[PDB]
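Okay, so here's the structure we're looking at.
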Amino acid sequence: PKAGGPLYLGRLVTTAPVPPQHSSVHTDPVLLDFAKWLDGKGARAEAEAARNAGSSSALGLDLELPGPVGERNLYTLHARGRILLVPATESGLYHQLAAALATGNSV
Amino acid sequence: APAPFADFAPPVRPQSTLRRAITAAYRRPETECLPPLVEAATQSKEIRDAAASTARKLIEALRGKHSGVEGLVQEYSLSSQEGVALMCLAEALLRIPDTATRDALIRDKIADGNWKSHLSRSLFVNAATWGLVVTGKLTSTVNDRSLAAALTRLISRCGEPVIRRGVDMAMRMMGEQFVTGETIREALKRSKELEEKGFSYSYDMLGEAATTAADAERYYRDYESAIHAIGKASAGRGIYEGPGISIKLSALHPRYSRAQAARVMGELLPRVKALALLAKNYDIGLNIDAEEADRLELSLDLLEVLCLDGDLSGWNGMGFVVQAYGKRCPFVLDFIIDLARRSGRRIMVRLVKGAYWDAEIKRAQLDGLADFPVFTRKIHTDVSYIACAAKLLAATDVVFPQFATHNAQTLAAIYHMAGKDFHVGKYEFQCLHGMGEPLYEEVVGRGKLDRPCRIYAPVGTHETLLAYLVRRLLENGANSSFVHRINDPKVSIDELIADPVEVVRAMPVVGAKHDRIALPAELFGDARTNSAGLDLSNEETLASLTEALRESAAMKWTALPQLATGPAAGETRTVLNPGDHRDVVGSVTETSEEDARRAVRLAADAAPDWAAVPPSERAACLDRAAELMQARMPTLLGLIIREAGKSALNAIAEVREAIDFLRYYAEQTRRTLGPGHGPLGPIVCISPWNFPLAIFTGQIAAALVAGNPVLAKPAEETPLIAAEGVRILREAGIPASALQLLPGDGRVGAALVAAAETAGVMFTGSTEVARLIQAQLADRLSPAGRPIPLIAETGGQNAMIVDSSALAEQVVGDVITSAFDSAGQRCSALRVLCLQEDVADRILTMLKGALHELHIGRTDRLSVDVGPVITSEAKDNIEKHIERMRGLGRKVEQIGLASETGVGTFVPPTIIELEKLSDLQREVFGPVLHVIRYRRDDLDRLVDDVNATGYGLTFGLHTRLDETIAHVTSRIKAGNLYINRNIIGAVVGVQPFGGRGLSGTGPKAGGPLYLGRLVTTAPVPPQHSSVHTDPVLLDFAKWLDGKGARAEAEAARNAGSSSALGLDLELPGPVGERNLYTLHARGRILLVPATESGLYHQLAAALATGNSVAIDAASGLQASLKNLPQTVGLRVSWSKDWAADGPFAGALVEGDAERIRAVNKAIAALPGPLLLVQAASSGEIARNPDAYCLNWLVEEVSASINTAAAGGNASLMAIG
Amino acid sequence: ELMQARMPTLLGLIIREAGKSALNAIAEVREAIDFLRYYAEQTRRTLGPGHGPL
Ligand SMILES: Cc1cc2nc3c(=O)[nH]c(=O)nc-3n(C[C@H](O)[C@H](O)[C@H](O)COP(=O)(O)OP(=O)(O)OC[C@H]3O[C@@H](n4cnc5c(N)ncnc54)[C@H](O)[C@@H]3O)c2cc1C
Ligand SMILES: NC(=O)c1ccc[n+]([C@@H]2O[C@H](COP(=O)([O-])OP(=O)(O)OC[C@H]3O[C@@H](n4cnc5c(N)ncnc54)[C@H](O)[C@@H]3O)[C@@H](O)[C@H]2O)c1
Ligand SMILES: [Mg+2]
């Protein structure tokens, strides 16, 4: 994560905290479709994990940070891109997909 | 048969001179109200100096002893969101009744981490209220994802100790500060301490706005039980030293309104009398709280009867609030003082400023009324208060003044005005529990000012107090509020002791309106004049309207085929009132199909002369017609009421909308139309019966002002109001050759559509009829060989989604209005209410109770809520649907209809509980609400189900949660969205109206793309641009360049810039609402190319506007799209069977004239929605970069958000 | 606080050791100060007993 930004310290502990202002009201639509698919096939725990990832993902965060006058300093969270998934089990793959899709990524 | 309007709105009693002086002041200009108040409030310099000294002394004491939430935030270093989230958690933990159970959950589960796992209802439902507590700011909706993050963060950082402190803080605030006690017995026990010091109490059981008979009965028995407890405790102390009760009339009847005055006097009055008799027996005060401005005068009729009722004689405890922020206040006081004299009852008069200011501003703006019923500058209310106190202090022998205020300046002014002679019973002050005591502990007692104060003491549970805590907090928490200012270190004591009387007196214009609050007529500023409504709570208006309505029923209304040559002969029949077929409204002569064809030829002949009238002068005709409709509104109301089954309220809205269409299209014309925007030619305007003036006028006005002569074919059910609208337009200067009225049925419409000179068709009506028109036009091409433009605005299957965070009373009101107003005969009407499972039973019970309070009948009575259905065939079709549902086992709730309905065609408001949304097939255009339930996790599936009908007109969402708003509004596909309000809004230029799919082709009526469809070359609408470029368009342009298609790549880049996809505007409108207008992709566009270059141009146009495409595989052009970037490939499909691959949202066609005609026929044959097709020849694509117009490849979406839904208006908190 | 008070001395070292101009040496010391204070505040906003170190 970026130095001098709010995700940095969370990389240096074994369980990351929720950084200040780190949330988003947006839910990735592909995540939503994935959760419905999981519930369709009865993968209830996985569908729940998918919905939880969709909500807790901060994808779409778009903040203006305090700074000097005459400047607008913006901070936004976007998808990483394409995530390599190396699952071992079906449930593991569903959980990996949930995490990656909820954050806007392809896999 | 009762004479029309003979019983429209008779007053409860003849209006006395004193009552008429009240009504006369209802909306009096503010500059007229203030001077007499300044005079009445003037005091001697010696008194003003002494008052300022007393005020300063009180304020110095207040600031010298001046934290619970603040201390908690400080101790744990909480952010604002953390503080709010903590209080929401504490509130939720306090819903756990057993204390040991709650503490165990905290210590073992909540503190350990997963608070979400242990706590169907968002923790943050009431976060707007806690936000006001923590931050002093009101945010209408809740950022529940921010709060969830903050709660996780604070618990993981601070653990059980912060939770414990939050729970204890919330417990104290909700149990001891916002209420005196949870029950009347608890409140009475806690009142002894301050009573011993000289305070008294008035208990507020917190009941308000009954929605059902059962609610009203519950509030009644709560008041009755409280009176017993208060009276037992009073123990003979009497009405001044002893405690009393305060009641709200709206709690005691579900239809407490002037429209239902007869029910109020018959049903509410005896209940108040029964409570008053009990208060009399215990000799306690019983105060009637003051509510909205439109209830003031009605409440006076109850006060009058009660004070004259001999059964209540001997008791002086009847009390009544008057609101000094209201322009009628001094005249109301004159009335009350006189009533006290006549009755011999020493009425207890509580003078307040007023609690509903924001809402009164919004309501007057929404209703288009002449002015506000309240002041708009806070200092005006202060002067009003002091002037009214002077009136009350001169009448202490006949009334008992009660000065309710937390403002030390106000208090000091009155303390000195009242003088040195005092005894208990002369007057008192009043304050709110848990707010006013710091001030009044400097007032009560021989060691202070030795004046008594009565504490208004809310009593109730956490659920009851949270319901309207937002309104109560804004009373003393807005930037203009004294209590806010006393806590602001930037506000000096000198500023707080400023004398409002002398400040107002020295102003350059005494009593000027607030600069930042628009009068309703001025909502749109320089753009146009807002239409004006009528105040159906104003007795002068009701009396004048009664006469105008009666006079309208004596007119010989006719509708004739008004050809350019003059009225034509034809088959004549009467037009009967749908609510009573014995009431003949007028006569219509219908147009022969031969005369319809002749009218089109005359329109074609006259087209050049009308096109030559400059756009500014055409717009001037529209503006003159608007003025004429505004002046004629009362007569137009009467016709609409009797011809179309509309109530007066709905007829007012109908005429206002027509006025607004005229003025909006006139202004849009002045902004856009020039010599190069040539008219299409004769336009056939076919309109529905259900908005028989507004939509009729809108289509015709748009076509005319765009320079086209019009053939106006009104619905066969409602020709009379259409004929009158044509008469008005002709009077306004539209030549007879430019506007021909052709009454008759669908045959006349079809004959007009089929006429060779018809250059465009504007249709509003059913989807099935639009499909027939679509088929007719697929045979036809313009003389230039292009499709005849069709605007087809059609039916809806409109849903409202309600989650467990919504306020049930608000939901039910918006549902009753949206589903059953006009007997559901609005295209926007709510058809499917979707209730989250956890709240569905409670809301359904409330909804059914509210349903049974509706009055169904002939609409020439103000008391009628729901009128008839338009015809017996409409009735038969609706009832066939109801019986089919009933036959399937579905639960069906129906109002019982009065016997008087037998003379008309009525269907009772009906609620049908469905299992699945798939249970509905087509639009049922009547008073039939369907109810489905959903589990929260299935919300996304539910939105899919709503979209799956194929309709897309109106949609509502009731929720407080930003995550749910973002999710639902991003996934729903409808043209008009409404958040936390009803779904029937179509305010021209504010909610541009029109849907997608089976609901419309667009462009939206009342929006900025409309006129451009009615000319051959569309202008650039005002504000119509976007800085955003579709990224797939960009990828396609690079691909074109890589293929060597340099000219097409340039055209693609130009399309990317020219596209207005991504436009996102806020439209000016009333306070307390945000009205948004955005341009989105339409969806999947069918491309029917002929050449490779044509395909590239079609794809550029479609991609630049955000769409995907299905390309006709029969074009053989597959090899032209080899090696597309994956981003573009995702948007591109090839279709061999167009009917299998839809629904499409539009089409682009390339070919010669006969190819276009053949394709147009094939497109019309596709199932489902009508497609907005644009066609061009290959040569046209080469010559004209705008061969395909990007205006018609985006979809307009309007969203109206009620930002006052949390209980107040944040932006108006800064307007004083 | 110590780096802020000692900035003039730190500047001299940075100027001579790393080839920085005075303005850029000031920016260097300011950035170190800001990192210190920023991570201190971010810690005060977030870290609790369950956020164990690596
Ligand atoms: C015991 C008690 C009982 C009450 N009962 C009722 C009741 O039954 N019905 C009712 O409506 N109110 C009632 N009120 C009053 C209302 O609830 C507020 O408390 C009161 O209006 C605030 O006035 P204040 O003098 O305490 O404060 P102030 O800060 O002096 O005045 C604030 C008031 O100014 C007014 N105001 C604010 N901005 C503007 C503006 N831009 N233009 C014009 N006016 C403005 C509003 O009335 C606002 O509440 C009661 C108040 C008390 C203390
Ligand atoms: N989308 C909107 O803005 C909007 C607004 C109001 C009403 N509507 C819809 O209108 C419908 C109710 O109005 P209605 O009952 O008058 O509709 P309708 O379809 O019955 O009639 C509409 C008009 O079309 C005419 N007509 C009928 N058959 C025709 C034909 N074969 N060819 C040409 N014209 C023909 C009628 O005479 C009438 O003037 C509802 O479905 C409602 O949802 C839509
Ligand atoms: Mg019809």
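Residues are named by chain letter and number: chains run A, B, ... in the order of the structure tokens, numbers start at 1 in each chain, and ligands are numbered from 1 in the order shown.
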- Item | Expected answer as a list in words: chain A residues within 6 Å of chain B, only C-alpha atoms | residues 18, 23 and 25 of chain A
- Message: For a quick test of understanding: name the residues of chain C lying within 10 Å of chain A when counting only C-alpha atoms, and present them as JSON, numbers by chain.
- Response: {"C": [31, 34, 35, 36, 38, 39, 42, 43, 45, 46, 47, 48, 50, 51, 52, 53, 54]}
Export of the given selection (N, CA and C atoms) as a short mmCIF file (atom, residue, chain, number, x, y, z; two decimals), in the first residue's frame:
```cif
data_model
loop_
_atom_site.label_atom_id
_atom_site.label_comp_id
_atom_site.auth_asym_id
_atom_site.auth_seq_id
_atom_site.Cartn_x
_atom_site.Cartn_y
_atom_site.Cartn_z
N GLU C 31 9.17 16.07 5.41
CA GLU C 31 8.49 14.82 5.08
C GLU C 31 8.71 13.78 6.17
N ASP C 34 6.45 14.68 8.93
CA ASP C 34 5.07 14.37 8.59
C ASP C 34 4.79 12.88 8.65
N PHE C 35 5.73 12.05 8.18
CA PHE C 35 5.54 10.60 8.34
C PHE C 35 5.38 10.23 9.80
N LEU C 36 6.27 10.74 10.64
CA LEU C 36 6.20 10.44 12.06
C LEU C 36 4.83 10.81 12.61
N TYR C 38 2.02 11.51 11.00
CA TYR C 38 0.91 10.84 10.33
C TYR C 38 0.75 9.42 10.83
N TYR C 39 1.84 8.65 10.89
CA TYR C 39 1.69 7.28 11.38
C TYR C 39 1.32 7.25 12.85
N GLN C 42 -2.45 7.90 12.68
CA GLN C 42 -3.15 6.74 12.14
C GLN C 42 -3.17 5.61 13.16
N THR C 43 -2.09 5.46 13.93
CA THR C 43 -2.08 4.47 14.99
C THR C 43 -3.14 4.78 16.03
N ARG C 45 -5.84 6.25 15.66
CA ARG C 45 -7.16 6.02 15.09
C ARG C 45 -7.50 4.54 14.93
N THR C 46 -6.51 3.65 14.92
CA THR C 46 -6.82 2.29 14.49
C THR C 46 -6.37 1.17 15.41
N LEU C 47 -5.15 1.22 15.95
CA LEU C 47 -4.55 -0.01 16.46
C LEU C 47 -5.06 -0.37 17.85
N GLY C 48 -5.51 -1.62 17.98
CA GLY C 48 -5.98 -2.16 19.22
C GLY C 48 -5.33 -3.50 19.49
N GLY C 50 -6.06 -6.61 19.11
CA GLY C 50 -6.11 -7.65 18.12
C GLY C 50 -5.31 -7.40 16.86
N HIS C 51 -4.63 -6.26 16.76
CA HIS C 51 -3.78 -5.96 15.61
C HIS C 51 -2.33 -6.22 16.01
N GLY C 52 -1.98 -7.49 16.05
CA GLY C 52 -0.67 -7.89 16.53
C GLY C 52 0.42 -7.59 15.52
N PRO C 53 1.62 -7.31 16.00
CA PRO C 53 2.73 -7.03 15.08
C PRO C 53 3.18 -8.27 14.34
N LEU C 54 3.86 -8.04 13.22
CA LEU C 54 4.48 -9.14 12.49
C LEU C 54 5.66 -9.72 13.26
#
```
- Using only C-alpha atoms and all ligand atoms, find each residue with an atom at most 6 Å away from ligand 1 and format the answer as an NGL selection string. :B and (289-291 or 321 or 323 or 325 or 352-357 or 375-378 or 381 or 404-407 or 430-432 or 456 or 475-476 or 480-482 or 1215-1216)
Selection above as a file: N, CA, C and O atoms, as a compact mmCIF listing (two decimals), in the first residue's frame:
```txt
# COMPACT_ATOMS: atom_id res chain seq x y z
N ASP B 289 -51.97 20.89 21.29
CA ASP B 289 -50.76 21.30 20.61
C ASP B 289 -51.09 21.78 19.20
O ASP B 289 -52.08 21.36 18.59
N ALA B 290 -50.27 22.69 18.69
CA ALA B 290 -50.47 23.21 17.34
C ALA B 290 -49.58 22.46 16.36
O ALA B 290 -48.41 22.18 16.65
N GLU B 291 -50.14 22.18 15.19
CA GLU B 291 -49.45 21.33 14.23
C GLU B 291 -49.22 22.10 12.94
O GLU B 291 -48.79 23.26 12.99
N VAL B 321 -52.41 25.99 21.76
CA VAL B 321 -51.15 26.57 21.32
C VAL B 321 -51.40 27.46 20.13
O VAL B 321 -52.18 27.12 19.23
N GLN B 323 -48.91 29.59 17.24
CA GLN B 323 -47.54 29.60 16.74
C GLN B 323 -47.22 30.99 16.20
O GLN B 323 -47.77 31.41 15.17
N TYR B 325 -44.64 31.99 14.70
CA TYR B 325 -44.08 32.03 13.35
C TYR B 325 -45.14 32.12 12.28
O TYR B 325 -44.79 32.32 11.11
N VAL B 352 -46.01 29.79 21.28
CA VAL B 352 -44.76 29.18 20.87
C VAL B 352 -44.32 29.89 19.61
O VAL B 352 -45.07 30.66 19.02
N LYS B 353 -43.10 29.60 19.18
CA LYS B 353 -42.71 30.10 17.86
C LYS B 353 -43.22 29.20 16.75
O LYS B 353 -44.05 29.63 15.93
N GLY B 354 -42.83 27.94 16.73
CA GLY B 354 -43.45 26.97 15.84
C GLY B 354 -42.42 25.92 15.44
O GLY B 354 -41.25 26.18 15.27
N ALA B 355 -42.90 24.69 15.27
CA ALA B 355 -42.01 23.53 15.15
C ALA B 355 -41.87 22.98 13.74
O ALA B 355 -41.07 22.06 13.53
N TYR B 356 -42.61 23.50 12.76
CA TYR B 356 -42.70 22.88 11.45
C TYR B 356 -42.20 23.79 10.34
O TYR B 356 -42.64 23.67 9.21
N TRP B 357 -41.25 24.67 10.66
CA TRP B 357 -40.90 25.73 9.72
C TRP B 357 -40.43 25.19 8.37
O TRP B 357 -40.96 25.58 7.32
N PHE B 375 -43.47 33.14 8.70
CA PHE B 375 -42.41 34.08 8.36
C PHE B 375 -41.21 33.33 7.79
O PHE B 375 -41.07 32.12 7.96
N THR B 376 -40.37 34.05 7.07
CA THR B 376 -39.18 33.46 6.47
C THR B 376 -37.89 33.98 7.07
O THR B 376 -36.82 33.41 6.79
N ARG B 377 -37.94 35.03 7.88
CA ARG B 377 -36.79 35.47 8.65
C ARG B 377 -37.05 35.18 10.12
O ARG B 377 -38.13 35.49 10.63
N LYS B 378 -36.08 34.54 10.76
CA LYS B 378 -36.25 34.16 12.16
C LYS B 378 -36.58 35.38 13.02
O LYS B 378 -37.40 35.29 13.94
N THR B 381 -40.26 36.10 13.31
CA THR B 381 -40.96 35.28 14.30
C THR B 381 -40.74 35.81 15.71
O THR B 381 -41.66 35.81 16.53
N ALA B 404 -43.91 29.85 26.04
CA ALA B 404 -43.00 28.73 25.83
C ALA B 404 -41.83 29.25 25.00
O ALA B 404 -42.01 29.62 23.83
N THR B 405 -40.65 29.28 25.59
CA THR B 405 -39.47 29.70 24.84
C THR B 405 -38.22 29.32 25.62
O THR B 405 -38.22 29.32 26.86
N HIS B 406 -37.16 29.01 24.88
CA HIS B 406 -35.84 28.82 25.46
C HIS B 406 -34.93 30.00 25.21
O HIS B 406 -33.75 29.95 25.57
N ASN B 407 -35.44 31.05 24.59
CA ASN B 407 -34.63 32.20 24.20
C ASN B 407 -34.64 33.21 25.34
O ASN B 407 -35.68 33.78 25.69
N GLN B 430 -42.94 28.49 29.83
CA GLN B 430 -42.88 27.06 29.59
C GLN B 430 -41.59 26.72 28.90
O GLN B 430 -41.00 27.54 28.19
N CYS B 431 -41.14 25.50 29.12
CA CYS B 431 -39.93 25.04 28.48
C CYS B 431 -40.03 23.55 28.25
O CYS B 431 -40.94 22.88 28.75
N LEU B 432 -39.08 23.03 27.49
CA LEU B 432 -39.03 21.61 27.19
C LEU B 432 -38.14 20.90 28.21
O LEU B 432 -37.08 21.41 28.59
N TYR B 456 -42.65 20.98 29.57
CA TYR B 456 -43.30 20.08 28.63
C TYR B 456 -42.49 18.80 28.61
O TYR B 456 -41.30 18.81 28.25
N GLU B 475 -35.52 22.28 16.64
CA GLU B 475 -36.14 23.44 17.27
C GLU B 475 -35.10 24.29 17.99
O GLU B 475 -35.15 25.52 17.94
N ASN B 476 -34.16 23.64 18.67
CA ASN B 476 -33.13 24.33 19.44
C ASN B 476 -31.72 24.02 18.94
O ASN B 476 -30.75 24.37 19.62
N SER B 480 -29.77 29.17 13.57
CA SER B 480 -30.51 30.33 14.04
C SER B 480 -31.10 30.14 15.43
O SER B 480 -31.57 31.12 16.03
N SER B 481 -31.08 28.92 15.97
CA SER B 481 -31.71 28.64 17.25
C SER B 481 -30.90 29.21 18.40
O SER B 481 -29.67 29.12 18.41
N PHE B 482 -31.61 29.78 19.38
CA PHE B 482 -30.95 30.35 20.55
C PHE B 482 -30.07 29.32 21.24
O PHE B 482 -28.95 29.64 21.66
N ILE B 1215 -30.75 28.73 7.21
CA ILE B 1215 -31.52 29.85 6.68
C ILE B 1215 -32.33 30.44 7.83
O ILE B 1215 -33.34 29.87 8.26
N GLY B 1216 -31.87 31.57 8.34
CA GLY B 1216 -32.56 32.30 9.38
C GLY B 1216 -32.60 33.76 9.02
O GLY B 1216 -31.64 34.31 8.48
```
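Residues in contact range of residue 25 in chain C, defined as at most 12 Å between only C-alpha atoms, with sequence neighbours fewer than 5 positions away removed, read residues 7, 8, 9, 10, 11, 12, 13, 14, 15, 16, 17, 18, 19, 20, 30, 31 and 32 of chain C.
Taking CA of residue 828 in chain B and atom 15 (O, counted along the ligand's line) of ligand 2 as the two end points, the separation is 13.4 Å.
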- Please check which protein, DNA or RNA residues sit within 8 Å of ligand 3, counting only C-alpha atoms and all ligand atoms, and write them as a PyMOL selection string. chain B and resi 688+715+746+765-766+769
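Counting only C-alpha atoms, the residue from B:934, B:8, B:76, B:256 that sits nearest to chain C is B:76.
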- Using only C-alpha atoms: which of B:3, B:25, B:77, B:322 has the shortest distance to chain C: B:77
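Of the listed residues (B:692, B:458, B:675, B:368), B:692 comes nearest to ligand 2; the distances count only C-alpha atoms and all ligand atoms.
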- Task: With only C-alpha atoms and all ligand atoms counted, collect every polymer residue having an atom within 7 Å of ligand 2; state the result as a VMD selection string.
- Result: chain B and resid 686 to 691 713 to 716 744 to 750 753 763 to 770 772 to 773 793 to 796 826 to 827 923 925 953 993 to 995 999 to 1000
- Atom-to-atom span, CA of residue 336 in chain B and CA of residue 863 in chain B, Å: 27.4 Å
- Message: Give me the residues near range 89-91 of chain A as a ChimeraX atom specification, where near means some atom within 8 Å (using only C-alpha atoms) and where sequence neighbours in that chain fewer than 3 positions away do not count.
- Response: /A:46,94-95
For the selection you just gave me, I'd like the residues written to a file as a short mmCIF file (atom, residue, chain, number, x, y, z; two decimals), in the first residue's frame, keeping C-alpha atoms.
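Written file, out.cif:
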```cif
data_model
loop_
_atom_site.label_atom_id
_atom_site.label_comp_id
_atom_site.auth_asym_id
_atom_site.auth_seq_id
_atom_site.Cartn_x
_atom_site.Cartn_y
_atom_site.Cartn_z
CA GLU A 46 -20.15 -18.79 0.36
CA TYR A 94 -15.65 -19.31 -4.14
CA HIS A 95 -14.19 -17.31 -1.26
#
```
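Closest approach to residue 50 in chain A from the set A:63, A:84, A:107, A:38 is made by A:38, with distances taken over only C-alpha atoms.
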- Task: Find the spatial neighbours of residue 29 in chain A, counting only C-alpha atoms, within a cut-off of 12 Å - ignore same-chain residues fewer than 4 positions away - and output them as a PyMOL selection string.
- Result: (chain A and resi 33-36+50-51+54-55+59+98+101-105) or (chain B and resi 940-941+966-972)
- What lies within 9 Å of range 1077-1091 of chain B using only C-alpha atoms, ignoring chain neighbours under 5 positions off, as an NGL selection string? :B and (990-992 or 996 or 1060-1067 or 1096 or 1098-1099 or 1102-1103 or 1105-1117 or 1131 or 1135 or 1138 or 1142-1151 or 1159 or 1173 or 1177-1178 or 1192-1200)
So that I have them on file, write out the residues from the current selection with C-alpha atoms, as a short mmCIF file (atom, residue, chain, number, x, y, z; two decimals), in the first residue's frame.
```
data_model
loop_
_atom_site.label_atom_id
_atom_site.label_comp_id
_atom_site.auth_asym_id
_atom_site.auth_seq_id
_atom_site.Cartn_x
_atom_site.Cartn_y
_atom_site.Cartn_z
CA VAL B 990 -37.98 19.01 -12.39
CA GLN B 991 -38.82 15.34 -12.86
CA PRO B 992 -38.83 15.10 -16.66
CA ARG B 996 -38.04 2.84 -21.12
CA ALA B 1060 -23.75 13.41 -23.67
CA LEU B 1061 -23.55 10.04 -21.94
CA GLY B 1062 -22.66 10.77 -18.33
CA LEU B 1063 -24.50 14.09 -18.09
CA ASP B 1064 -25.49 14.45 -14.45
CA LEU B 1065 -27.41 17.53 -13.40
CA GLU B 1066 -29.43 18.78 -10.48
CA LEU B 1067 -32.58 20.55 -11.62
CA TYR B 1096 -18.30 1.44 -38.26
CA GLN B 1098 -23.25 2.79 -36.39
CA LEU B 1099 -20.94 1.11 -33.90
CA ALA B 1102 -23.80 3.22 -30.23
CA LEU B 1103 -20.56 2.74 -28.30
CA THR B 1105 -23.46 6.47 -25.98
CA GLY B 1106 -22.51 3.54 -23.74
CA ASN B 1107 -24.59 0.88 -25.47
CA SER B 1108 -23.94 -2.67 -26.47
CA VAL B 1109 -25.01 -3.78 -29.92
CA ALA B 1110 -26.51 -6.71 -31.75
CA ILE B 1111 -25.42 -6.58 -35.38
CA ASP B 1112 -27.60 -8.10 -38.08
CA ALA B 1113 -25.76 -11.23 -39.18
CA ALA B 1114 -27.60 -11.14 -42.51
CA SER B 1115 -25.53 -8.07 -43.40
CA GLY B 1116 -22.62 -10.39 -44.17
CA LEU B 1117 -20.25 -7.88 -42.57
CA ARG B 1131 -20.32 -5.10 -26.24
CA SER B 1135 -27.88 -11.64 -34.39
CA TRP B 1138 -33.50 -10.50 -34.01
CA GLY B 1142 -33.89 -8.76 -27.76
CA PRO B 1143 -35.28 -6.76 -26.13
CA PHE B 1144 -33.38 -3.98 -27.84
CA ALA B 1145 -33.42 -0.36 -26.70
CA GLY B 1146 -33.14 1.24 -30.15
CA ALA B 1147 -31.94 0.53 -33.64
CA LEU B 1148 -29.65 2.02 -36.28
CA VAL B 1149 -30.40 1.12 -39.89
CA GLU B 1150 -28.41 1.73 -43.07
CA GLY B 1151 -29.91 1.36 -46.50
CA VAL B 1159 -36.14 -3.28 -41.92
CA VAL B 1173 -35.19 3.47 -34.95
CA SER B 1177 -28.56 5.86 -46.43
CA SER B 1178 -24.92 5.07 -47.04
CA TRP B 1192 -31.76 9.18 -29.16
CA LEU B 1193 -29.05 6.67 -28.20
CA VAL B 1194 -28.93 7.70 -24.54
CA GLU B 1195 -31.61 7.10 -21.94
CA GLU B 1196 -32.75 9.87 -19.62
CA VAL B 1197 -33.22 9.04 -15.96
CA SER B 1198 -34.84 11.38 -13.46
CA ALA B 1199 -34.41 10.81 -9.75
CA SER B 1200 -36.31 12.72 -7.07
#
```
